[PDB]
Amino acid sequence: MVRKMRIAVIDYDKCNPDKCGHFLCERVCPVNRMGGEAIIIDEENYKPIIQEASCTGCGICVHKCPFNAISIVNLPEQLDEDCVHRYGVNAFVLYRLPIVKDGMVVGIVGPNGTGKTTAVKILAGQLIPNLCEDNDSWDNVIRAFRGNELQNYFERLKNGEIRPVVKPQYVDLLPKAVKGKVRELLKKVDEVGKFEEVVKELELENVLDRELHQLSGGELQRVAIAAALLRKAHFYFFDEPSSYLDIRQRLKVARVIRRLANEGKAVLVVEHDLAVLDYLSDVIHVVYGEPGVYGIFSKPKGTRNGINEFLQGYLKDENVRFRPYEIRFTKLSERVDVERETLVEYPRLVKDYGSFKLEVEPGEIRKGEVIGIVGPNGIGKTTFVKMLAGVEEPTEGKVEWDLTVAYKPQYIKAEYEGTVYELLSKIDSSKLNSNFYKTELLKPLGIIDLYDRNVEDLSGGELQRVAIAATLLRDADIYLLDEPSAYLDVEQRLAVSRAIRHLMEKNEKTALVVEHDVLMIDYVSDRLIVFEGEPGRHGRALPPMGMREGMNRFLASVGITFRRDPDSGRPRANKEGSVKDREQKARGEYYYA
Ligand code: SF4
Ligand code: SF4
């Protein structure tokens with residue numbers, strides 16, 4: 001086998017055409033000698049340029065450079081030969097692997113279906129690498145990764161003195177597979193003798209009484225986090241633990257997972273929220289490719305640089321573009337925030353089931369804006385949303401008016417016979433066929449390619465995108481999405497953000513997006529509803545307020561302050577106990593866009 005790209009980098013800060021004659025390059029260059037364009041002259045910025053499309057990689061120019069402003073490398077037997085696994089010809093292929101490490105938290109960021117999960121099975125002893133050949137042994141794996149830390153992994157893995165435990169990419173499998181209580185389960189799975197510490201730090205002592213099927217999202221997720229650590233294993237691989245956790249939970253779970261590094265145990269993590277990712281990890285991997293054709297894991301990076309580079313879409317270590325535009329964000333000074341017309345107003349409501357109490361203070365709904373809902377789970381974010389939605393009748397007050405409400409529920413389960421196209425089509429055929437919904441909603445969330453399978457025959461992340469798109473293609477005055485964040489990746493999360501923002505702004509309509517992922521809030525929100533009280537008991541919904549004034553108000557009850565990163569612009573979470581943490585909290589401004 002073979003395969004090879006040439007990559008040329010010239011440290012211009014070291015080049016000086018006038019000192020080496022006249023671009024010693026083009027002169028000494030064999031290809032240019034025979035009438036070729038390996039090295040071209042930028043007779044303006046006065047620099048030399050190597051057109052890697054030519055350069056034989058002979059390296060003559062490199063040896064000649066009177067300084068050493070030239071490097072030419074052949075990505076041979078390293079990027080093409082590395083090839084790890086092929087599922088048979090005309091089928092998915094993996095290149096490279098994430099490099100897990102002891103005593104450290106190895107991060108992963110990169111869109112779904114790029115064989116994140118392919119690598120897990122590989123590492124779990126349950127799939128032998130063929131190295132895109134025909135192999136069915138460990139030994140060729142151990143050799144191929146010679147010069148690297150993963151050889152040592154495959155040697156232990158085969159002796160079988162390590163076995164990694166894996167928190168699966170979809171959960172909601174344990175309730176329909178394991179019956180009885182969270183109390184029970186957590187005794188059973190116990191083998192680590194750390195039962196006390198776990199259940200307490202992740203605050204599942206109230207959550208023991210309920211049965212698995214009676215859990216809400218945040219709780220079910222965390223109970224999996226618990227049961228994975230109580231199984232005995234050195235290596236713990238968490239695939240998407242950000243699903244359905246609220247803002248308060250996800251920051252607290254991050255601390256729990258981070259404390260593992262100190263115990264010297266190896267954590268491998270997928271996260272799709274940059275603030276949570278920054279905080280946990282110590283290494284970071286970027287994974288690039290178009291889903292379902294190939295995936296390649298990049299070289300290990302230090303968390304901060306790795307994230308910067310993801311945002312830029314350009315790899316300077318690997319020389320790969322993988323997205324033709326940059327990840328970007330919206331402050332509050334990059335907008336027009338001007339007042340708009342009142343759609344409706346709601347008085348004081350108060351709903352008591354008699355197993356939770358909510359009071360909603362008097363509030364205004366404006367037209368043409370996007371209101372983010374924030375707070376910890378079971379604080380009746382959902383109780384409010386459901387009162388306008390019509391599935392719950394307020395005990396007192398009125399919200400149920402002649403606005404039509406479009407409602408995306410918290411769980412997703414399908415009950416629909418027929419295709420993705422049937423399901424959408426009966427709502428508004430018309431919308432499907434117009435160019436806007438095609439630029440902003442349907443096309444970048446993959447739905448054009450999804451019309452051929454049934455709704456029941458769609459998987460969690462595709463089906464999520466399908467629910468979301470469905471709710472926004474309903475004909476309504478006001479759009480209600482309860483927690484769409486679940487099972488979306490970074491790119492998806494962002495695409496849904498740009499779609500919500502454009503569609504709502506253009507037709508001047510209201511939407512409520514209950515939200516907990518920092519980035520979506522950071523882009524989309526015009527106004528905020530902060531929830532407080534003590535969850536599972538009482539909640540007090542405070543009236544709508546400005547985006548900044550809201551995230552300020554709320555962040556102060558979490559102890560956790562947010563900056564603006566200076567490298568390429570993203571929400572920077574600041575470590576509890578830091579300079580910035582201390583300066584923000586002292587000065588009553590607990591947040592910056
Ligand atoms: S070799 Fe490339 S870098 Fe060294 S001087 Fe000539 S042009 Fe500038
Ligand atoms: S061989 Fe080395 S120098 Fe000659 S072209 Fe290819 S890269 Fe540039």
# chains A, B, ... in the order shown; residues from 1 in each chain; ligands from 1
call {"tool": "residues_around", "arguments": {"residues": "residue A:327", "least_positions_apart": "6", "cutoff": "12 Å", "atoms": "only C-alpha atoms", "output": "list in words"}}
result
residues 274, 307, 308, 309, 310, 311, 312, 313, 314, 490, 491, 492, 493, 494, 495, 497, 498, 519, 523, 568, 569 and 570 of chain A
call {"tool": "write_last_selection", "arguments": {"atoms": "C-alpha atoms", "output": "short mmCIF file (atom, residue, chain, number, x, y, z; two decimals), in the first residue's frame"}}
result
data_model
loop_
_atom_site.label_atom_id
_atom_site.label_comp_id
_atom_site.auth_asym_id
_atom_site.auth_seq_id
_atom_site.Cartn_x
_atom_site.Cartn_y
_atom_site.Cartn_z
CA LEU A 274 -16.89 24.25 24.87
CA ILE A 307 -10.56 24.19 20.82
CA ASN A 308 -9.16 27.30 19.10
CA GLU A 309 -8.20 25.37 16.09
CA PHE A 310 -11.59 23.63 15.92
CA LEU A 311 -13.27 27.10 15.69
CA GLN A 312 -10.93 28.32 12.98
CA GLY A 313 -11.72 25.27 10.85
CA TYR A 314 -8.02 25.08 10.02
CA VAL A 490 -21.55 21.11 18.38
CA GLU A 491 -22.14 21.81 14.67
CA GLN A 492 -25.72 20.66 14.99
CA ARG A 493 -26.29 22.81 18.05
CA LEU A 494 -25.02 25.85 16.21
CA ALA A 495 -27.07 25.11 13.03
CA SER A 497 -29.18 28.23 16.60
CA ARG A 498 -28.80 30.10 13.23
CA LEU A 519 -23.48 28.58 23.24
CA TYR A 523 -26.03 33.37 20.09
CA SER A 568 -10.58 33.52 18.68
CA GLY A 569 -13.76 34.40 20.63
CA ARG A 570 -15.87 31.89 22.52
#
call {"tool": "closest_atom_pairs", "arguments": {"of": "chain A", "to": "ligand 2", "cutoff": "12 Å", "atoms": "only C-alpha atoms and all ligand atoms", "output": "JSON lines"}}
result
{"residue": "A:4", "atom": "CA", "partner": "ligand 2", "partner_atom_place_in_ligand_line": "6 (Fe)", "distance": 11.6}
{"residue": "A:5", "atom": "CA", "partner": "ligand 2", "partner_atom_place_in_ligand_line": "6 (Fe)", "distance": 9.5}
{"residue": "A:6", "atom": "CA", "partner": "ligand 2", "partner_atom_place_in_ligand_line": "7 (S)", "distance": 6.2}
{"residue": "A:7", "atom": "CA", "partner": "ligand 2", "partner_atom_place_in_ligand_line": "7 (S)", "distance": 6.7}
{"residue": "A:8", "atom": "CA", "partner": "ligand 2", "partner_atom_place_in_ligand_line": "7 (S)", "distance": 5.8}
{"residue": "A:9", "atom": "CA", "partner": "ligand 2", "partner_atom_place_in_ligand_line": "7 (S)", "distance": 9.0}
{"residue": "A:10", "atom": "CA", "partner": "ligand 2", "partner_atom_place_in_ligand_line": "8 (Fe)", "distance": 9.9}
{"residue": "A:24", "atom": "CA", "partner": "ligand 2", "partner_atom_place_in_ligand_line": "3 (S)", "distance": 11.7}
{"residue": "A:25", "atom": "CA", "partner": "ligand 2", "partner_atom_place_in_ligand_line": "3 (S)", "distance": 8.3}
{"residue": "A:26", "atom": "CA", "partner": "ligand 2", "partner_atom_place_in_ligand_line": "3 (S)", "distance": 9.7}
{"residue": "A:27", "atom": "CA", "partner": "ligand 2", "partner_atom_place_in_ligand_line": "4 (Fe)", "distance": 11.4}
{"residue": "A:28", "atom": "CA", "partner": "ligand 2", "partner_atom_place_in_ligand_line": "4 (Fe)", "distance": 9.2}
{"residue": "A:29", "atom": "CA", "partner": "ligand 2", "partner_atom_place_in_ligand_line": "4 (Fe)", "distance": 6.2}
{"residue": "A:30", "atom": "CA", "partner": "ligand 2", "partner_atom_place_in_ligand_line": "4 (Fe)", "distance": 7.0}
{"residue": "A:31", "atom": "CA", "partner": "ligand 2", "partner_atom_place_in_ligand_line": "4 (Fe)", "distance": 7.0}
{"residue": "A:32", "atom": "CA", "partner": "ligand 2", "partner_atom_place_in_ligand_line": "5 (S)", "distance": 9.0}
{"residue": "A:33", "atom": "CA", "partner": "ligand 2", "partner_atom_place_in_ligand_line": "4 (Fe)", "distance": 10.9}
{"residue": "A:36", "atom": "CA", "partner": "ligand 2", "partner_atom_place_in_ligand_line": "5 (S)", "distance": 10.0}
{"residue": "A:37", "atom": "CA", "partner": "ligand 2", "partner_atom_place_in_ligand_line": "5 (S)", "distance": 8.9}
{"residue": "A:38", "atom": "CA", "partner": "ligand 2", "partner_atom_place_in_ligand_line": "5 (S)", "distance": 5.2}
{"residue": "A:39", "atom": "CA", "partner": "ligand 2", "partner_atom_place_in_ligand_line": "8 (Fe)", "distance": 6.7}
{"residue": "A:40", "atom": "CA", "partner": "ligand 2", "partner_atom_place_in_ligand_line": "8 (Fe)", "distance": 10.3}
{"residue": "A:48", "atom": "CA", "partner": "ligand 2", "partner_atom_place_in_ligand_line": "8 (Fe)", "distance": 10.8}
{"residue": "A:49", "atom": "CA", "partner": "ligand 2", "partner_atom_place_in_ligand_line": "8 (Fe)", "distance": 9.1}
{"residue": "A:50", "atom": "CA", "partner": "ligand 2", "partner_atom_place_in_ligand_line": "8 (Fe)", "distance": 5.8}
{"residue": "A:51", "atom": "CA", "partner": "ligand 2", "partner_atom_place_in_ligand_line": "8 (Fe)", "distance": 7.5}
{"residue": "A:52", "atom": "CA", "partner": "ligand 2", "partner_atom_place_in_ligand_line": "6 (Fe)", "distance": 6.4}
{"residue": "A:53", "atom": "CA", "partner": "ligand 2", "partner_atom_place_in_ligand_line": "6 (Fe)", "distance": 8.4}
{"residue": "A:54", "atom": "CA", "partner": "ligand 2", "partner_atom_place_in_ligand_line": "5 (S)", "distance": 6.1}
{"residue": "A:55", "atom": "CA", "partner": "ligand 2", "partner_atom_place_in_ligand_line": "5 (S)", "distance": 2.5}
{"residue": "A:56", "atom": "CA", "partner": "ligand 2", "partner_atom_place_in_ligand_line": "6 (Fe)", "distance": 3.6}
{"residue": "A:57", "atom": "CA", "partner": "ligand 2", "partner_atom_place_in_ligand_line": "1 (S)", "distance": 2.2}
{"residue": "A:58", "atom": "CA", "partner": "ligand 2", "partner_atom_place_in_ligand_line": "1 (S)", "distance": 3.5}
{"residue": "A:59", "atom": "CA", "partner": "ligand 2", "partner_atom_place_in_ligand_line": "2 (Fe)", "distance": 3.6}
{"residue": "A:60", "atom": "CA", "partner": "ligand 2", "partner_atom_place_in_ligand_line": "3 (S)", "distance": 5.7}
{"residue": "A:61", "atom": "CA", "partner": "ligand 2", "partner_atom_place_in_ligand_line": "3 (S)", "distance": 4.9}
{"residue": "A:62", "atom": "CA", "partner": "ligand 2", "partner_atom_place_in_ligand_line": "3 (S)", "distance": 6.1}
{"residue": "A:63", "atom": "CA", "partner": "ligand 2", "partner_atom_place_in_ligand_line": "3 (S)", "distance": 9.0}
{"residue": "A:64", "atom": "CA", "partner": "ligand 2", "partner_atom_place_in_ligand_line": "3 (S)", "distance": 9.9}
{"residue": "A:65", "atom": "CA", "partner": "ligand 2", "partner_atom_place_in_ligand_line": "3 (S)", "distance": 10.4}
{"residue": "A:69", "atom": "CA", "partner": "ligand 2", "partner_atom_place_in_ligand_line": "3 (S)", "distance": 11.7}
{"residue": "A:70", "atom": "CA", "partner": "ligand 2", "partner_atom_place_in_ligand_line": "3 (S)", "distance": 8.2}
{"residue": "A:71", "atom": "CA", "partner": "ligand 2", "partner_atom_place_in_ligand_line": "2 (Fe)", "distance": 7.5}
{"residue": "A:72", "atom": "CA", "partner": "ligand 2", "partner_atom_place_in_ligand_line": "7 (S)", "distance": 4.5}
{"residue": "A:73", "atom": "CA", "partner": "ligand 2", "partner_atom_place_in_ligand_line": "7 (S)", "distance": 6.9}
{"residue": "A:74", "atom": "CA", "partner": "ligand 2", "partner_atom_place_in_ligand_line": "7 (S)", "distance": 8.1}
{"residue": "A:75", "atom": "CA", "partner": "ligand 2", "partner_atom_place_in_ligand_line": "7 (S)", "distance": 11.3}
call {"tool": "select_by_dssp", "arguments": {"residues": "stretch 91-297 of chain A", "states": "strand (DSSP E or B)", "output": "number ranges by chain"}}
result
A: 93-95, 105-109, 164-167, 181, 211, 235-238, 266-270, 283-288, 294-297
call {"tool": "residues_around", "arguments": {"residues": "stretch 362-372 of chain A", "least_positions_apart": "5", "cutoff": "7 Å", "atoms": "only C-alpha atoms", "output": "MDAnalysis selection string"}}
result
chainID A and resid 340:348 504:505 508:515 521 524:529 543:544
call {"tool": "write_last_selection", "arguments": {"atoms": "N, CA and C atoms", "output": "mmCIF file, in the first residue's frame"}}
result
data_model
loop_
_atom_site.group_PDB
_atom_site.id
_atom_site.type_symbol
_atom_site.label_atom_id
_atom_site.label_comp_id
_atom_site.auth_asym_id
_atom_site.auth_seq_id
_atom_site.Cartn_x
_atom_site.Cartn_y
_atom_site.Cartn_z
ATOM 1 N N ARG A 340 -39.707 46.467 20.720
ATOM 2 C CA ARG A 340 -40.720 46.049 19.745
ATOM 3 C C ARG A 340 -42.046 45.976 20.503
ATOM 4 N N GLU A 341 -43.179 46.103 19.763
ATOM 5 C CA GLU A 341 -44.569 45.756 20.026
ATOM 6 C C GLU A 341 -44.812 44.523 20.876
ATOM 7 N N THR A 342 -45.720 44.603 21.901
ATOM 8 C CA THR A 342 -46.152 43.585 22.909
ATOM 9 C C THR A 342 -47.110 42.740 22.202
ATOM 10 N N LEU A 343 -46.976 41.350 22.243
ATOM 11 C CA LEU A 343 -47.749 40.373 21.507
ATOM 12 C C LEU A 343 -48.835 40.146 22.399
ATOM 13 N N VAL A 344 -48.490 39.773 23.692
ATOM 14 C CA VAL A 344 -49.482 39.443 24.673
ATOM 15 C C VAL A 344 -48.769 39.751 26.034
ATOM 16 N N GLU A 345 -49.485 39.694 27.156
ATOM 17 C CA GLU A 345 -48.978 39.873 28.511
ATOM 18 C C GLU A 345 -49.721 38.867 29.310
ATOM 19 N N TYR A 346 -49.126 38.385 30.441
ATOM 20 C CA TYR A 346 -49.758 37.314 31.229
ATOM 21 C C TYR A 346 -49.834 37.805 32.674
ATOM 22 N N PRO A 347 -50.860 37.712 33.488
ATOM 23 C CA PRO A 347 -50.736 38.105 34.903
ATOM 24 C C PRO A 347 -50.001 37.005 35.644
ATOM 25 N N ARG A 348 -49.998 37.194 37.021
ATOM 26 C CA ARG A 348 -49.521 36.220 37.970
ATOM 27 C C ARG A 348 -50.242 34.933 37.856
ATOM 28 N N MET A 504 -37.401 33.247 13.206
ATOM 29 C CA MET A 504 -38.076 34.069 14.188
ATOM 30 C C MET A 504 -37.928 35.515 13.960
ATOM 31 N N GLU A 505 -36.776 36.023 13.636
ATOM 32 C CA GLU A 505 -36.513 37.394 13.277
ATOM 33 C C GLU A 505 -37.165 37.858 11.998
ATOM 34 N N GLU A 508 -41.002 37.762 12.442
ATOM 35 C CA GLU A 508 -41.329 38.525 13.651
ATOM 36 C C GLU A 508 -42.259 37.638 14.503
ATOM 37 N N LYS A 509 -41.764 36.485 14.977
ATOM 38 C CA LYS A 509 -42.609 35.634 15.807
ATOM 39 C C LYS A 509 -41.752 35.279 17.036
ATOM 40 N N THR A 510 -42.439 34.723 18.058
ATOM 41 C CA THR A 510 -41.931 34.517 19.448
ATOM 42 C C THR A 510 -41.592 33.099 19.471
ATOM 43 N N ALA A 511 -40.570 32.730 20.210
ATOM 44 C CA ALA A 511 -40.286 31.391 20.399
ATOM 45 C C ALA A 511 -39.678 31.438 21.786
ATOM 46 N N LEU A 512 -39.770 30.322 22.467
ATOM 47 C CA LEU A 512 -39.285 30.054 23.783
ATOM 48 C C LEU A 512 -38.476 28.825 23.534
ATOM 49 N N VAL A 513 -37.180 28.859 23.970
ATOM 50 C CA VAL A 513 -36.307 27.750 23.811
ATOM 51 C C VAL A 513 -35.795 27.588 25.140
ATOM 52 N N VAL A 514 -36.108 26.363 25.739
ATOM 53 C CA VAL A 514 -35.680 26.123 27.113
ATOM 54 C C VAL A 514 -34.283 25.602 26.854
ATOM 55 N N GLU A 515 -33.309 26.103 27.655
ATOM 56 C CA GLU A 515 -31.921 26.100 27.242
ATOM 57 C C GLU A 515 -31.040 26.018 28.417
ATOM 58 N N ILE A 521 -27.620 29.867 23.893
ATOM 59 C CA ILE A 521 -28.032 30.996 24.671
ATOM 60 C C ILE A 521 -27.228 32.159 24.253
ATOM 61 N N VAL A 524 -28.444 33.140 20.460
ATOM 62 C CA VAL A 524 -29.857 33.367 20.079
ATOM 63 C C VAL A 524 -30.581 34.367 20.991
ATOM 64 N N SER A 525 -30.084 34.600 22.204
ATOM 65 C CA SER A 525 -31.060 35.122 23.203
ATOM 66 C C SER A 525 -31.070 36.646 23.117
ATOM 67 N N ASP A 526 -32.333 37.162 23.236
ATOM 68 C CA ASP A 526 -32.736 38.554 23.113
ATOM 69 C C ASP A 526 -33.200 38.824 24.443
ATOM 70 N N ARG A 527 -33.876 37.869 25.082
ATOM 71 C CA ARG A 527 -34.344 38.046 26.463
ATOM 72 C C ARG A 527 -34.340 36.701 27.128
ATOM 73 N N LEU A 528 -34.522 36.689 28.511
ATOM 74 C CA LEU A 528 -34.160 35.545 29.344
ATOM 75 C C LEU A 528 -35.263 35.449 30.369
ATOM 76 N N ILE A 529 -35.523 34.233 30.888
ATOM 77 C CA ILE A 529 -36.401 34.062 32.051
ATOM 78 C C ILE A 529 -35.510 33.192 32.909
ATOM 79 N N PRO A 543 -39.890 37.698 36.071
ATOM 80 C CA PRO A 543 -40.438 38.227 34.847
ATOM 81 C C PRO A 543 -39.352 38.167 33.737
ATOM 82 N N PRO A 544 -39.631 38.188 32.402
ATOM 83 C CA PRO A 544 -38.545 38.375 31.372
ATOM 84 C C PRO A 544 -37.676 39.564 31.518
#
call {"tool": "closest_residue", "arguments": {"among": "A:2, A:256, A:478, A:43", "to": "ligand 1", "atoms": "only C-alpha atoms and all ligand atoms"}}
result
A:43
call {"tool": "residues_around", "arguments": {"residues": "stretch 208-210 of chain A", "least_positions_apart": "5", "cutoff": "9 Å", "atoms": "only C-alpha atoms", "output": "list in words"}}
result
residues 180, 181, 182, 183, 184, 186 and 215 of chain A
call {"tool": "write_last_selection", "arguments": {"atoms": "N, CA and C atoms", "output": "PDB file, in the first residue's frame"}}
result
ATOM      1  N   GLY A 180     -36.729  -2.369  38.697  1.00  0.00           N
ATOM      2  CA  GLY A 180     -36.519  -1.916  39.987  1.00  0.00           C
ATOM      3  C   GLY A 180     -35.768  -0.640  40.104  1.00  0.00           C
ATOM      4  N   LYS A 181     -35.359  -0.309  41.364  1.00  0.00           N
ATOM      5  CA  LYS A 181     -35.056   1.028  41.701  1.00  0.00           C
ATOM      6  C   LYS A 181     -33.608   1.357  41.455  1.00  0.00           C
ATOM      7  N   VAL A 182     -33.315   2.700  41.552  1.00  0.00           N
ATOM      8  CA  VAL A 182     -32.050   3.446  41.483  1.00  0.00           C
ATOM      9  C   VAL A 182     -31.420   3.078  42.805  1.00  0.00           C
ATOM     10  N   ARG A 183     -32.143   2.895  43.932  1.00  0.00           N
ATOM     11  CA  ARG A 183     -31.621   2.424  45.182  1.00  0.00           C
ATOM     12  C   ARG A 183     -31.025   1.112  45.147  1.00  0.00           C
ATOM     13  N   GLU A 184     -31.808   0.219  44.535  1.00  0.00           N
ATOM     14  CA  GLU A 184     -31.386  -1.150  44.367  1.00  0.00           C
ATOM     15  C   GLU A 184     -30.152  -1.302  43.569  1.00  0.00           C
ATOM     16  N   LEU A 186     -27.745   0.593  42.259  1.00  0.00           N
ATOM     17  CA  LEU A 186     -26.555   1.131  42.772  1.00  0.00           C
ATOM     18  C   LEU A 186     -25.865   0.342  43.907  1.00  0.00           C
ATOM     19  N   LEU A 215     -37.905   8.523  36.219  1.00  0.00           N
ATOM     20  CA  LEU A 215     -36.871   9.586  36.304  1.00  0.00           C
ATOM     21  C   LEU A 215     -37.222  10.567  35.222  1.00  0.00           C
TER      22      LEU A 215
END
call {"tool": "atom_distance", "arguments": {"atom1": "atom CA of residue A:11", "atom2": "atom CA of residue A:297"}}
result
26.3 Å
call {"tool": "residues_around", "arguments": {"residues": "stretch 284-287 of chain A", "least_positions_apart": "2", "cutoff": "7 Å", "atoms": "only C-alpha atoms", "output": "MDAnalysis selection string"}}
result
chainID A and resid 98 106:110 281:282 295:303 306 310
call {"tool": "select_by_dssp", "arguments": {"residues": "stretch 151-339 of chain A", "states": "alpha helix (DSSP H)", "output": "ChimeraX atom specification"}}
result
/A:151-159,182-188,195-201,217-230,247-262,274-280,303-312
call {"tool": "decode", "arguments": {"residues": "stretch 66-84 of chain A", "atoms": "N, CA and C atoms", "output": "PDB file, in the first residue's frame"}}
result
ATOM      1  N   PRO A  66      19.675  29.329   2.844  1.00  0.00           N
ATOM      2  CA  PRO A  66      20.745  29.849   3.700  1.00  0.00           C
ATOM      3  C   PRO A  66      20.390  29.953   5.188  1.00  0.00           C
ATOM      4  N   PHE A  67      19.101  29.932   5.504  1.00  0.00           N
ATOM      5  CA  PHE A  67      18.701  29.983   6.901  1.00  0.00           C
ATOM      6  C   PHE A  67      18.071  28.628   7.184  1.00  0.00           C
ATOM      7  N   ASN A  68      16.758  28.556   7.070  1.00  0.00           N
ATOM      8  CA  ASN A  68      16.048  27.308   7.276  1.00  0.00           C
ATOM      9  C   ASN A  68      14.611  27.733   7.403  1.00  0.00           C
ATOM     10  N   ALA A  69      14.174  28.502   6.411  1.00  0.00           N
ATOM     11  CA  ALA A  69      12.825  29.015   6.363  1.00  0.00           C
ATOM     12  C   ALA A  69      11.926  28.064   5.577  1.00  0.00           C
ATOM     13  N   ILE A  70      12.416  26.852   5.319  1.00  0.00           N
ATOM     14  CA  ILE A  70      11.639  25.873   4.566  1.00  0.00           C
ATOM     15  C   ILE A  70      11.608  24.481   5.184  1.00  0.00           C
ATOM     16  N   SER A  71      10.419  23.891   5.160  1.00  0.00           N
ATOM     17  CA  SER A  71      10.170  22.551   5.664  1.00  0.00           C
ATOM     18  C   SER A  71       9.249  21.910   4.646  1.00  0.00           C
ATOM     19  N   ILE A  72       9.577  20.695   4.232  1.00  0.00           N
ATOM     20  CA  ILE A  72       8.777  19.942   3.270  1.00  0.00           C
ATOM     21  C   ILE A  72       8.618  18.552   3.882  1.00  0.00           C
ATOM     22  N   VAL A  73       7.385  18.138   4.151  1.00  0.00           N
ATOM     23  CA  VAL A  73       7.162  16.810   4.725  1.00  0.00           C
ATOM     24  C   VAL A  73       6.243  15.987   3.833  1.00  0.00           C
ATOM     25  N   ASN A  74       6.479  14.680   3.798  1.00  0.00           N
ATOM     26  CA  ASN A  74       5.662  13.763   3.011  1.00  0.00           C
ATOM     27  C   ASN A  74       4.791  12.977   3.971  1.00  0.00           C
ATOM     28  N   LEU A  75       3.492  13.257   3.951  1.00  0.00           N
ATOM     29  CA  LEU A  75       2.547  12.572   4.825  1.00  0.00           C
ATOM     30  C   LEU A  75       2.343  11.126   4.385  1.00  0.00           C
ATOM     31  N   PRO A  76       3.437  10.462   4.027  1.00  0.00           N
ATOM     32  CA  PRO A  76       3.382   9.064   3.586  1.00  0.00           C
ATOM     33  C   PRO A  76       3.497   8.100   4.761  1.00  0.00           C
ATOM     34  N   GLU A  77       2.755   6.997   4.701  1.00  0.00           N
ATOM     35  CA  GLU A  77       2.761   5.983   5.754  1.00  0.00           C
ATOM     36  C   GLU A  77       2.572   6.591   7.142  1.00  0.00           C
ATOM     37  N   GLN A  78       1.554   7.434   7.279  1.00  0.00           N
ATOM     38  CA  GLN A  78       1.262   8.084   8.551  1.00  0.00           C
ATOM     39  C   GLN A  78      -0.174   8.593   8.591  1.00  0.00           C
ATOM     40  N   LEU A  79      -0.671   9.036   7.441  1.00  0.00           N
ATOM     41  CA  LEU A  79      -2.033   9.549   7.341  1.00  0.00           C
ATOM     42  C   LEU A  79      -2.898   8.645   6.471  1.00  0.00           C
ATOM     43  N   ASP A  80      -2.277   8.020   5.474  1.00  0.00           N
ATOM     44  CA  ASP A  80      -2.989   7.126   4.569  1.00  0.00           C
ATOM     45  C   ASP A  80      -2.803   5.668   4.977  1.00  0.00           C
ATOM     46  N   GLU A  81      -1.622   5.351   5.497  1.00  0.00           N
ATOM     47  CA  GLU A  81      -1.315   3.992   5.929  1.00  0.00           C
ATOM     48  C   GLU A  81      -1.884   3.713   7.315  1.00  0.00           C
ATOM     49  N   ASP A  82      -2.029   4.766   8.113  1.00  0.00           N
ATOM     50  CA  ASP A  82      -2.563   4.636   9.463  1.00  0.00           C
ATOM     51  C   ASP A  82      -3.912   3.926   9.455  1.00  0.00           C
ATOM     52  N   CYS A  83      -4.680   4.141   8.391  1.00  0.00           N
ATOM     53  CA  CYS A  83      -5.957   3.538   8.261  1.00  0.00           C
ATOM     54  C   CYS A  83      -6.160   2.414   9.294  1.00  0.00           C
ATOM     55  N   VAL A  84      -7.312   2.406  10.045  1.00  0.00           N
ATOM     56  CA  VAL A  84      -7.576   1.643  11.213  1.00  0.00           C
ATOM     57  C   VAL A  84      -8.607   0.558  11.001  1.00  0.00           C
TER      58      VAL A  84
END
